[PDB]
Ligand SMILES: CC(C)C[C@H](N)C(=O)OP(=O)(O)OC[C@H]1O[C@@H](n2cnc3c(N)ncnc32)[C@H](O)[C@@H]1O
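Next up: a single chain in structure tokens, the form solved without the named molecule.
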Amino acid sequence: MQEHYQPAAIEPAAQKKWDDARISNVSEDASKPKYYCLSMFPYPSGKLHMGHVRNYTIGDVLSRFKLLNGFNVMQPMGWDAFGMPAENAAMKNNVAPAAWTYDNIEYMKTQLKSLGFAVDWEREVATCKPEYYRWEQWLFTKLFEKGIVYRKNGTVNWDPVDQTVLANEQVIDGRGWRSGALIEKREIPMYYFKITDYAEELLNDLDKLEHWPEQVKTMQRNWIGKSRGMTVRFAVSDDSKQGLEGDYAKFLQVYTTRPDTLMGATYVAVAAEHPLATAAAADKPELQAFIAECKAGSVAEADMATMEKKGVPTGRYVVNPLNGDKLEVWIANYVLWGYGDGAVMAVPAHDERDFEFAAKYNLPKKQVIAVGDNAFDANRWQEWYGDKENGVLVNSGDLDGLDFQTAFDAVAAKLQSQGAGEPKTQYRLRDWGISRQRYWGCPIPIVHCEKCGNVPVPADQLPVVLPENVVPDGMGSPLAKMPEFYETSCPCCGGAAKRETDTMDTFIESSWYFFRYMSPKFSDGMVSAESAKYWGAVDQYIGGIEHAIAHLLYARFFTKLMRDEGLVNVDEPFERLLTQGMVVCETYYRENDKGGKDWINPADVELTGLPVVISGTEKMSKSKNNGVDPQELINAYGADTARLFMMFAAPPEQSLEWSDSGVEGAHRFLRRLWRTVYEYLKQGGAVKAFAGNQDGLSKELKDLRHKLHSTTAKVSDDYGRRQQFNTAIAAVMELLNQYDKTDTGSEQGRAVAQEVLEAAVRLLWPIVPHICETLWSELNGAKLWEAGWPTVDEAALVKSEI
């Protein structure tokens, strides 16, 4: 055993030892209890970043802990290979996105192997391979026939200069992000998952997830946005029917979640496309300009809750069916055509968005709810104005005194008996659009034929292979300009036809990869029946916060989809969720030639020859060039120091502040662990660890065993229930300090020192397995993973009798 700790010598050997023993190459073995630990698979962007290293070290700590406790642990790895960065890199460097993607994969794989993650590489998948995406094309065809996938027109944002479709995040002030050209809204046919058919299932099955964080469950309920409300019809007044046809000449229909405030409505509002807006704007050019300013804006929910809510009066009037009040119709920029009826009622006294709208335009505010002895101020909002659990009605005629629920049914009965309304349930959830006007993605298995229409490709002819000999050029998606791809025969009649050139949303590949890992070489289906039944569902999921709500919701959706097709038998994919905090770092800038700044990577900076300004700390990003390359951390201190610093500097949910001093401290603790064992072996070699009855031990050795087994208990709880690995490292450190302070020179003293060290190297093996595997083999000849997790000796926790 070498005196000094040298990670470059031991980490390659420990990895070859785990690979030769195939400790993490697991199969469907019904003898050991299964455990599926899943970390979110990475996009192959070129090389790992610090967020990758933290995510996969967390997942490896949890996997190695469960392995040491006797579980059949599956920790698979794979590559989320589709998406825009390969397409952008293809244009910047004139290479094929596939070649760019496969090069990044082979390099990033060696980086992951160099970190010693106990990963079943026999289950590796790359989603850009036909071996993978043929199965999401398969499910597509199956759901297309059943109607769960359907084709319908939808409005996108067309950049006429870049000749490409833009995401709303890429539209700034009505113009394209990279061109500045005014976007044009275009109606094109696109494909959708009828996810609204599963809204109730997606909401109620959250009750099964006893171990999910409540806020994550709350965020899924707000996205779905279920409400039980009331459809209400306001009859159009006799003086307001000009230009109106059909029912729009008869009544104005609205949806409301507060029909117990119907007596308090003071005006109504309609979308800019509502026929009442069309008819009223006919002879009024101010309303025409307002309708156009609405129709040329962004409808994104982010760009709607932040926007100035504005409106214009129309001069048309409708009648409140419950009290005969004559209410004016306004056009409003927050009412959206396509969300329900395209019209709403406004109760400024009990809706904060209506309160602010009415305060702006001096519209009336009619209190119809009372809460205790609270005074009502019509010029200042209070949160009790919106109170529903304690609301008693006032100024409501024969409804005064009722609470929310009995006023709801009273109003329902009143409206229904006169035909002017009925209860209704709605969801904010929209159908999932999966058409992408992009090349580097999974082709949509639709063939367009004039005789037969939109026809799905037969299962025999799957996959529809995306050609990889393509370099995109940024003037439209390449597939649409490639006849050798889209020219084909119709599968129903054999005549000339045209393939779908759009590709799928990449959220699709991430919605089911956790099932493909169970049998990634299976060629008869998405997932083999045997392997899906054994592995069941993901026991632990570790990932990031970016796009998490949509990713989770989509993966739950696909699970129920695949279950109903007979592929899986579980209802929910993820039993536990751990979202890691970001990794932050300081920023450094130097002013520009004309009132600006410029940021430089921290590695290329002289800390403590020109002076550079130390700015502020933020997430490691290319925006201010503060991303510390993890490869330079590995080369400098070894993989164990990299893993130790990430697990020690912060709890996994908390943000982790990069510290050069922190990394040095981590590496210095590893040398201490190494030197602690070495000095122990050079003073007599190894012995049999202490075990059994502990009476007759000295007061000092008894206390060391108490600290030992109390530390084992703390580390177990930190790994198993708290998932707080930083305090677990702190615990082992405290045990080592008590060790150093203890005379372990006697025969029984060495037996206790052996037990202290044999436990310490096993308590830290999930965090730093290279040095722990190496130190363990110098103390003990048995296999570490068969010695298992250190057990708690409760007899050593029973203090003396005084």
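We call the rigid core whatever largest set of C-alpha positions still superposes within 1.5 Å between the two forms. Residue indices: 1-based, along the sequence shown.
Colleague: Counting only residues that lack coordinates, how big is the gap in the deposited sequence between residue 608 and residue 609? Pick none, 1 to 3, 4 to 9 or 10 or more.
Modeller: According to the record, 10 or more deposited residues lack coordinates from residue 608 to residue 609.
Colleague: Mean C-alpha B factor from the entry: is it higher for 472 to 480 or for 485 to 493?
Modeller: Mean CA B-factor is higher for 472 to 480.
Colleague: For the higher mean C-alpha B factor in the entry, choose 96 to 104 or 398 to 406.
Modeller: Stretch with the higher mean C-alpha B-factor: 398 to 406.
Colleague: Going by the entry, which of 463, 246, 348, 467 has the most elevated CA B factor?
Modeller: When the deposited C-alpha B-factors of 463, 246, 348, 467 are compared, 246 is largest.
Colleague: Can you tell me which of 192, 574, 255, 589 has the maximum CA B-factor listed in the PDB entry?
Modeller: Highest C-alpha B-factor among the listed options: 589.
Colleague: Lowest, middle or highest third: which one holds residue 60 when the chain's residues are ordered by CA B-factor from the entry?
Modeller: Lowest third of the chain for residue 60's C-alpha B-factor.
Colleague: Give the position of residue 13 by CA B-factor within its chain, expressed as the lowest, middle or highest third.
Modeller: Tercile = middle for this residue's CA B-factor.
Colleague: Relative to the other modelled residues of the same chain, rank the CA B-factor of residue 32 and answer lowest, middle or highest third.
Modeller: Highest third.
Colleague: Residue 45: which third of its chain by C-alpha temperature factor?
Modeller: Answer is lowest: the recorded C-alpha B-factor places it there.
Colleague: Give the position of residue 173 by CA B-factor within its chain, expressed as the lowest, middle or highest third.
Modeller: For residue 173, the deposited C-alpha B-factor lands in the highest third.
Just so you know, the form deposited with the named molecule bound exists too; it's not on screen, but the next bit is about it.
Colleague: Name the stretch: of 485 to 493, 693 to 701, 185 to 193, 581 to 589, exactly one has residues whose heavy atoms fall within 4.5 Å of the named molecule in the bound PDB entry.
Modeller: Looking at the partner contacts, the answer comes out as 581 to 589.
Colleague: Using a 4.5 Å heavy atom cut-off, which residue among 80, 431, 273, 325 comes into contact with the named molecule in the bound PDB entry?
Modeller: None of the other options qualify; the answer is 80.
Colleague: From the list 765, 776, 36, 43, which entry has a heavy atom within 4.5 Å of the named molecule in the bound PDB entry?
Modeller: The residue in contact is 43.
Colleague: May I ask you to state whether residue 51 is within 4.5 Å of the named molecule in the bound PDB entry, using heavy atom distances?
Modeller: Result yes; residue 51 sits at the interface with the named molecule in the bound PDB entry.
Colleague: So, residue 541 and the named molecule: in the bound PDB entry, are they within 4.5 Å at any heavy atom pair?
Modeller: Heavy-atom contact with the named molecule at 4.5 Å: present for residue 541.
Colleague: Does any heavy atom of residue 620 come within 4.5 Å of a heavy atom of the named molecule in the bound PDB entry?
Modeller: Because a heavy atom of residue 620 falls inside 4.5 Å of the named molecule in the bound PDB entry, the answer is yes.
Colleague: Quick check on residue 722: any heavy atom within 4.5 Å of the named molecule in the bound PDB entry?
Modeller: Result no; residue 722 lies far from the named molecule in the bound PDB entry.
Colleague: Check for me: heavy atom within 4.5 Å of the named molecule in the bound PDB entry, for each of 25, 517 and 530, yes or no.
Modeller: Answer is no for this spot.
Colleague: In the bound PDB entry, which residues of 494 to 513 put a heavy atom within 4.5 Å of the named molecule?
Modeller: Counting only heavy atoms within 4.5 Å of the named molecule in the bound PDB entry, the contacting residues of 494 to 513 are 507, 510, 513.
Colleague: Quick check for you: superpose on the rigid core, then look between the shown form and the other one for a C-alpha move of 2 Å or more. Which of 257, 435, 72, 141 is it?
Modeller: Looking at each option in turn, only one qualifies, and it is 257.
Colleague: Superposed on the rigid core, does the Cα of residue 186 end up 2 angstroms or more away between the shown form and the other one?
Modeller: Residue 186 C-alpha, core-superposed: shift of 2 Å or more.
Colleague: Aligning on the core only, does the CA of residue 571 end up 2 angstroms or more away between the shown form and the other one?
Modeller: No; that C-alpha moves by less than 2 Å between the shown form and the other one.
Colleague: Once you overlay the rigid core, does the Cα of residue 426 travel 2 Å or further between the shown form and the other one?
Modeller: Result for residue 426: no, shift under 2 Å.
Colleague: Between residue 170 and residue 552, do the C-alpha atoms lie closer or farther in the bound PDB entry than in the shown form, with a difference of 3 angstroms or more?
Modeller: Closer, not farther.
Colleague: Looking in the bound PDB entry, decide if the C-alpha atoms of residue 432 and residue 336 are closer or farther than in the form shown; they differ by 3 Å or more.
Modeller: Residues separate in the bound PDB entry, at least 3 Å farther apart.
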